[PDB]
């Protein structure tokens, strides 16, 4: 040890009607994501895919927690059970159940997202922040 047990390397929004790839490289500087955004068409169904390595010892109780913030005054949190993953060379990919982008004129515009990849022991495997913008059209 010192070497980290879990290395989170990517986030991908999985949506077949998105015209281009929607991906964050989580291995580098994380600050630049704060002023970027992914556009999603209102009401579209998508999933979030987290890519990650496990290095040393099995990790069980893994969990993906996402807080969604809207205009600094409204918050919604979802916590997803990820599973138990043995150490191994090859990357893993977790995908959430299907979610639906916010729908309605009043639901358009910007949302901030606080993502945390953690476990039963509250290890901060990676925390990060990114943004969605909900639009009428792609």
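Residue numbers count along the first chain shown, from 1.
The deposited model assigns a higher average Cα B-factor to 27 to 35 than to the other stretch when 40 to 48 and 27 to 35 are compared. Remark: residue 53 belongs to the lowest third of its chain, ranked by C-alpha B-factor as recorded.
Ranked within its chain, residue 2 lands in the highest third, by CA B factor from the PDB record. In the PDB entry, residue 88 places in the highest third of its chain by CA B-factor. In the PDB entry, a CA B factor belonging to the middle third of its chain's modelled residues is recorded for residue 82. Per the PDB record, residue ranking by Cα B-factor puts residue 114 in the lowest third of the chain.
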